[PDB]
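Read the structure below first, then the notes.
All chains are named by letter (A, B, ...) in the order of the sequence lines, taking the proteins before the strands, and each is independently numbered beginning at 1.
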Amino acid sequence: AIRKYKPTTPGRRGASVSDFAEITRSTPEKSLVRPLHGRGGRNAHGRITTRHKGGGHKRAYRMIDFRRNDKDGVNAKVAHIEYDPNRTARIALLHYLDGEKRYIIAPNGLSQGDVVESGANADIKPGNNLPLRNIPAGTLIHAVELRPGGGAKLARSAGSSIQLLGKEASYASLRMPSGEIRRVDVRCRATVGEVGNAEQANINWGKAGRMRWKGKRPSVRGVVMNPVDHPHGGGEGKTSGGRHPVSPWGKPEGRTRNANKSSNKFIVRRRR
Amino acid sequence: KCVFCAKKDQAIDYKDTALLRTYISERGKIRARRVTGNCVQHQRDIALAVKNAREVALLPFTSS
Amino acid sequence: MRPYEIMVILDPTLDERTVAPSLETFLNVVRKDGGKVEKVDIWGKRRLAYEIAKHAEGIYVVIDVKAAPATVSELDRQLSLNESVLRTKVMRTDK
Amino acid sequence: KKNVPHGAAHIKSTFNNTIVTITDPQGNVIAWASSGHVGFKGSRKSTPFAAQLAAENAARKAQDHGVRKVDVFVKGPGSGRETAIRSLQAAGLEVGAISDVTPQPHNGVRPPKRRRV
Amino acid sequence: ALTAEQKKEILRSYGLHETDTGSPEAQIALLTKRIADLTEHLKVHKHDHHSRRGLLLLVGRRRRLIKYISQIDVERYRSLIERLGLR
RNA sequence: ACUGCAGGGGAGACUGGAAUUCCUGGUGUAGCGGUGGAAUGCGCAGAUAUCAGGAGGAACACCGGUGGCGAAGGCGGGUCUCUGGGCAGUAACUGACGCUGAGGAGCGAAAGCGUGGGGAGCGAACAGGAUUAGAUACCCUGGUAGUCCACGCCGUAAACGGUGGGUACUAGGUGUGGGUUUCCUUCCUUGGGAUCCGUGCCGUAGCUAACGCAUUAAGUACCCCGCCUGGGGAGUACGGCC
Ligand SMILES: [Mg+2]
Ligand SMILES: [Mg+2]
Ligand SMILES: [Mg+2]
Ligand SMILES: [Mg+2]
Ligand SMILES: [Mg+2]
Ligand SMILES: [Mg+2]
Ligand SMILES: [Mg+2]
Ligand SMILES: [Mg+2]
Ligand SMILES: [Mg+2]
Ligand SMILES: [Mg+2]
Ligand SMILES: [Mg+2]
Ligand SMILES: [Mg+2]
Ligand SMILES: [Mg+2]
Ligand SMILES: [Mg+2]
Ligand SMILES: [Mg+2]
Ligand SMILES: [Mg+2]
Ligand SMILES: [Mg+2]
Ligand SMILES: [Mg+2]
Ligand SMILES: [Mg+2]
Ligand SMILES: [Mg+2]
Ligand SMILES: [Mg+2]
Ligand SMILES: [Mg+2]
Ligand SMILES: [Mg+2]
Ligand SMILES: [Mg+2]
Ligand SMILES: [Mg+2]
Ligand SMILES: [Mg+2]
Ligand SMILES: [Mg+2]
Ligand SMILES: [Mg+2]
Ligand SMILES: [Mg+2]
Ligand SMILES: [Mg+2]
Ligand SMILES: [Mg+2]
Ligand SMILES: [Mg+2]
Ligand SMILES: [Mg+2]
Ligand SMILES: [Mg+2]
Ligand SMILES: [Mg+2]
Ligand SMILES: [Mg+2]
Ligand SMILES: [Zn+2]
């Protein structure tokens with residue numbers, strides 16, 4: 001579901017786009033929209049901390065319910081599948097049977113008009129949210145929370161999923177999309193299924209301006225700089241940067257995780 | 001010489017794990033066709049009853 | 001309406017009292033779709049020939065249903081998610 | 001300093017070597033003296049004579065931990081396979097039963113290519 | 001495909017006289033049913049290359065009965081194409 | 001068309017056990033591995049062995065054969081859903097609708113190619129050891145692409161029965177796979193006789209340069225198709241199409 005443009009211009013010679021074949025109702029819900037404004041990478045002091053940000057197209061925040069705590073046993077109905085410019089996935093408008101509207105990240109295979117349950121008595125279908133105590137082992141899940149009731153934080157980009165390995169006594173083991181075997185609590189909640197829109201990594205953005213619309217501002221290499229500006233800069237012709245590779249602030253490459261962080265007792269195996 | 005062609009309507013069944021004690025050997029393996037006297041069609045039904053009865057654990061895959 | 005036959009292997013830490021009311025909630029998905037359930041024979045405890053998920057015993061139930069082709073593929077989807085069930089082997093009877 | 005009255009002896013007899021280990025019924029090794037432990041090096045380790053000295057050095061060192069009767073699990077396509085069961089007998093062990101536990105795959109993993117020697 | 005109580009309704013509409021299983025009207029009628037039934041088996045299951053060959057034996061057999069029925073009577077040919085379809 | 005029947009014929013989804021490898025832990029301690037003989041290598045920072053638990057991928061022991069299926073390439077762990085073809089019997093139906101098929105179109109082992117997953121074992125390339133006058137090899141220890149999955153491309157094999165398809169006829173002997181049917185027939189023997197369809201071996205007439213083929217023809221005849229015209233140069237060049 002990735003359409004390829006014809007080479008009519010020098011800037012669409014290899015470009016592609018999503019087919020948008022799953023989006024129904026091209027406008028968002030009015031009451032579930034909050035404003036946003038770009039920062040250009042600037043913090044509260046007004047300085048660039050994250051480089052290469054800015055430009056951009058104007059956006060609006062869609063309120064995504066990552067909690068799903070307080071509607072256990074009230075069934076819902078998928079009204080629409082929509083677009084969301086903040087995330088790489090697609091969002092799904094659930095009409096609950098009591099009257100509240102919500103958005104969730106759409107799992108793969110959650111066409112319009114389905115029914116989504118929640119709580120401990122739900123069925124293991126794509127879309128349902130259960131505690132990890134009630135999911136059988138081997139099931140592909142997404143949008144898993146780290147702490148009980150703290151909000152879904154793991155595996156929620158497009159295509160990503162966690163495999164639930166096993167449950168011992170009071171902790172479940174999870175394979176995460178980097179290979180990182182993590183052990184989390186079994187009262188954490190997780191949505192059954194794998195996140196939809198799985199083909200968007202294959203999109204060849206065609207021209208330079210098509211990344212300026214998405215917000216990415218150009219990245220300049222350190223080796224074409226001056227030695228006051230970057231540790232790699234200098235050299236009369238062109239160089240490799242006559243030292244081992246570093247950041248612009250002189251930090252050597254290598255492991256940057258805190259060596260005795262508190263969550264080391266929950267990590268079985270680092271990624272490869 | 002074949003029991004299942006001689007005595008009619010005796011259903012080879014994967015539930016029946018007393019008929020399938022014979023036609024398998026002492027090591028659990030399926031007996032050959034020349035040592036039991038079956039025809040080709042009933043050796044196929046015996047060897048399908050045994051493979052199913054190993055999956056619902058009525059017979060073992062191996063034994064010593 | 002094809003004649004089927006379903007063999008279920010239940011967990012040995014369940015008594016023979018909560019077996020016929022247990023799968024009765026599963027066999028109501030056959031009756032609400034138009035099927036018929038004929039013979040729900042229970043063999044009881046039996047020594048397994050090998051260890052199925054840290055168990056050496058098991059309860060053998062034979063279902064003998066006669067339903068639509070899309071409701072038996074629903075019945076073993078729900079049995080294989082219940083924690084009481086170890087194995088399932090759905091077999092037809094006719095040719 | 002241990003004392004277990006009944007044991008199990010495992011004999012792995014390959015085409016290059018033999019290894020005789022002796023365990024308890026739970027599967028915990030008492031003594032393991034093989035054909036290279038008894039002094040040999042090279043192609044001599046696969047002969048039947050080095051098997052009947054490997055089985056003696058494991059038998060009379062299992063008896064210092066009190067083992068008086070072993071069971072025998074042999075596996076491997078080796079030459080020294082009967083000369084290591086007969087060698088446990090003439091060192092002071094009652095053998096009882098003899099079983100063959102050669103790992104026989106159900107055509108799973110792919111073997112290495114055949115030798116053009 | 002095409003159970004014995006399903007081919008009777010096709011023979012009652014295209015057969016000639018209440019027992020006709022052999023005429024080119026009753027055989028193009030049954031073969032157009034099996035071609036249409038086997039194309040749903042090829043929308044799902046794209047890679048069934050061995051049932052798709054049985055489709056081309058049925059297509060080639062139906063086209064020879066069309067060619068025969070357009071040689072012996074052109075009036076039967078027109079009132080059979082219009083009830084099923086050409087192009 | 002009706003009635004029976006045999007089968008690894010195909011495609012999709014879920015799923016089963018043995019073993020190989022790695023990981024966590026217990027017991028254990030000094031060798032394991034490999035060969036014609038050795039070394040490189042692994043190990044002494046606790047290997048090999050041995051028992052328990054777990055992760056993962058690929059292949060499916062026995063049945064399994066001289067056997068079945070498919071147009072050929074090929075096809076076997078189990079179950080379910082959809083689906084192609086063949087054989088026999090009845091003689092109910094249409095009434096020559098048949099055969100072959102230039103160009104054309106589809107299918108077509110393995111290696112390879114593109115994008116994306118997966119990666120246990122094996123293993124082009126490659127690295128080391130050995131052998132050797134040398135060893136870009138055989139042998140040994142490692143090991144990437146690849147082998148696997150989804151979707152496309154490629155279009156080649158000693159793709160072989162080195163034997164194109166249809167039909168009729170021309171002694172038999174003996175095994176075997178799939179049906180149907182009379183006799184001592186229920187004295188069971190699933191034995192014998194008859195008949196249609198496959199699959200083998202042996203063999204007369206007949207043919208062949210010989211070897212050999214021989215009712216599954218390379219025999220006796222008819223119909224359609226592709227191909228050959230001394231060996232090299234060469235299934236190469238040039239031109240074209242993909
Ligand atoms: Mg300020
Ligand atoms: Mg950047
Ligand atoms: Mg400069
Ligand atoms: Mg300058
Ligand atoms: Mg400056
Ligand atoms: Mg500097
Ligand atoms: Mg320079
Ligand atoms: Mg410079
Ligand atoms: Mg059968
Ligand atoms: Mg099949
Ligand atoms: Mg496939
Ligand atoms: Mg295993
Ligand atoms: Mg590994
Ligand atoms: Mg260890
Ligand atoms: Mg080990
Ligand atoms: Mg299969
Ligand atoms: Mg007439
Ligand atoms: Mg033709
Ligand atoms: Mg041609
Ligand atoms: Mg092709
Ligand atoms: Mg290939
Ligand atoms: Mg290449
Ligand atoms: Mg590839
Ligand atoms: Mg790749
Ligand atoms: Mg090698
Ligand atoms: Mg070398
Ligand atoms: Mg050729
Ligand atoms: Mg071939
Ligand atoms: Mg040829
Ligand atoms: Mg001919
Ligand atoms: Mg014949
Ligand atoms: Mg011959
Ligand atoms: Mg000739
Ligand atoms: Mg010439
Ligand atoms: Mg050429
Ligand atoms: Mg050219
Ligand atoms: Zn039989």
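- At a non-hydrogen distance threshold of 4.0 Å, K51(B), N52(B), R54(B), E55(B) from residues 51-60 of chain B come into contact with RNA chain F.
- In this structure, CG in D16(B) is found 6.0 Å from CG in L20(B), a value given to the nearest 0.5 Å.
- Using a 4.0 Å heavy-atom distance criterion, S73(C) is classed as making no nucleic acid contact.
- Across the protein-nucleic acid pair, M7(C) atom CE and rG78(F) atom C1' stand 14 Å apart, rounded to whole Å.
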Q: Sugar-phosphate atoms are those with a prime plus P, OP1 and OP2; base atoms are the rest. Using that split, label each nucleotide of nucleotides 19-32 of chain F B, S or - for protein heavy atoms under 4.0 Å, 5' to 3'.
A: SS--S--BBSSSSS
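- Remark: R52(E) is not in phosphate contact with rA11(F), judged by side-chain N or O atoms under 4.0 Å from OP1 or OP2.
- Between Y68(E) and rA96(F) there is a side-chain N or O to OP1 or OP2 distance below 4.0 Å.
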(Q) Strictly under 4.0 angstrom, non-hydrogen atoms only: write out the protein contact profile of nucleotides 1-10 of chain F, one letter per nucleotide from the 5' end, B, S or -. (A) SS---S-SBB
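- A negative value of the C1'-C2'-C3'-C4' dihedral assigns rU185(F) to the south, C2'-endo side.
- Nucleotides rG172(F) and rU215(F) place their P atoms 11 Å apart, quoted to the nearest Å.
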Report, one line per pair, each donor and acceptor closer than 3.5 Å where one atom sits in a side chain of residues 54-64 of chain E; sequence neighbours left out.
none

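- Taking the salt bridge (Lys or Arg N to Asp or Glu O under 4.0 Å) definition, one finds that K41(D) meets it with nothing, sequence neighbours left out.
- Using a 4.0 Å cut-off, some side-chain N or O of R2(C) falls inside it from OP1 or OP2 of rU81(F).
- The phosphate of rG64(F) has OP1 or OP2 within less than 4.0 Å of a side-chain N or O from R34(B).
- Heavy atoms of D76(C) sit nowhere under 4.0 angstrom from any nucleic acid atom.
- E51(C) comes within contact range of no nucleotide atom at all, as no heavy-atom separation falls under 4.0 Å.
- Within the structure, salt bridge (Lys or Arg N to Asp or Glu O under 4.0 Å) contacts touching residues 20-36 of chain E (residues at least two apart or in different chains) are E25(E)-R76(E).
- Between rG200(F) and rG161(F), the distance separating the two P atoms is 10 Å to the nearest Å.
- Counting to the nearest Å, the P atom of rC82(F) and the CG atom of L42(E) are 15 Å from each other.
- Closest approach to the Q43(B) side chain among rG16(F), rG64(F), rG123(F) is made by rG64(F) (side chain taken as heavy atoms from C-beta onward).
- Here the P atom of nucleotide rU79(F) and the NZ atom of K15(B) are 14 Å apart, to the nearest Å.
- As rounded to whole Å, 7 Å separates atom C1' of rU94(F) from atom CD of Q27(E).
- For the pair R272(A) and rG56(F), the criterion of a side-chain N or O lying under 4.0 Å from OP1 or OP2 is not met.
- For residues 60-72 of chain C, no residue pair satisfies the side-chain hydrogen bond (donor to acceptor under 3.5 Å, both in side chains) rule, not counting sequence neighbours.
- Judged as a side-chain hydrogen bond (donor to acceptor under 3.5 Å, both in side chains), the pairs with a partner in residues 78-95 of chain C (not counting sequence neighbours) are, in order, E55(B)-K89(C), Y50(C)-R87(C), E74(C)-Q78(C), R92(C)-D94(C).
- Sugar conformation, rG142(F): north. The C1'-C2'-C3'-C4' torsion carries a positive sign.
- Between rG179(F) and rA157(F), the distance separating the two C1' atoms is 40 Å to the nearest Å.
- Here the separation of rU174(F) from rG192(F), taken at their P atoms, is 11 Å to the nearest Å.
- Taking the P atom of each, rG166(F) and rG146(F) are spaced 44 Å apart, rounded to whole Å.
- Only the P atoms considered, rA72(F) is 41 Å distant from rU144(F), to the nearest whole Å.
- The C1'-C2'-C3'-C4' dihedral of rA91(F) is negative. Its furanose therefore counts as south.
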Q | Heavy-atom protein contacts under 4.0 Å, nucleotides 189-201 of chain F, coded B base, S sugar-phosphate only, - none | A | -B-----------
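- Following rounding to the nearest Å, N16(D) (CG) and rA39(F) (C1') show an atom-to-atom distance of 14 Å.
- Nucleotides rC140(F) and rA30(F) are separated by 31 Å at their P atoms, to the nearest Å.
- Side-chain N/O atoms of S43(D) include one lying less than 4.0 angstrom from OP1 or OP2 on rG37(F).
- Rounding to whole angstrom units, CG of residue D20(E) and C1' of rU94(F) are separated by 7 Å.
- Rounded to whole Å, atom P of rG64(F) lies 16 Å from atom CG of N107(D).
- Consecutive bases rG175(F) and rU176(F) are counted as stacked, their six-membered rings lying with centres under 5.5 Å apart and planes tilted under 30°.
- Within the nucleic acid shown, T62(B) has no heavy atom closer than 4.0 Å to any nucleic acid atom.
- The nearest whole Å value for the distance from the CD1 atom in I46(B) to the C1' atom in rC62(F) is 15 Å.
- Applying the salt bridge (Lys or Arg N to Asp or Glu O under 4.0 Å) definition to pairs two or more places apart or across chains, those involving residues 99-117 of chain D are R81(D)-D100(D).
- Checking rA55(F), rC51(F), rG33(F) against the side-chain heavy atoms of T14(D) singles out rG33(F) as nearest.
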Q) Where along nucleotides 134-143 of chain F does protein come under 4.0 Å, by heavy atom, of base (B) or sugar-phosphate alone (S), with - for untouched nucleotides? A) ----SSS---
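- Pucker check on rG155(F): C1'-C2'-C3'-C4' negative, sugar south.
- In this structure, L38(E) reaches the sugar-phosphate backbone alone: every heavy-atom distance under 4.0 Å involves primed, P, OP1 or OP2 atoms, never a base.
- When distances run from any side-chain atom of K89(C) to the nucleotides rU83(F), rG17(F), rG78(F), the shortest one goes to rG78(F).
- Across all strands shown, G42(D) has heavy atoms under 4.0 Å from base atoms, whether or not it also approaches the sugar-phosphate.
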So which protein nitrogen or oxygen atoms get under 3.5 Å of nucleotides 154-157 of chain F's nitrogens or oxygens?
none

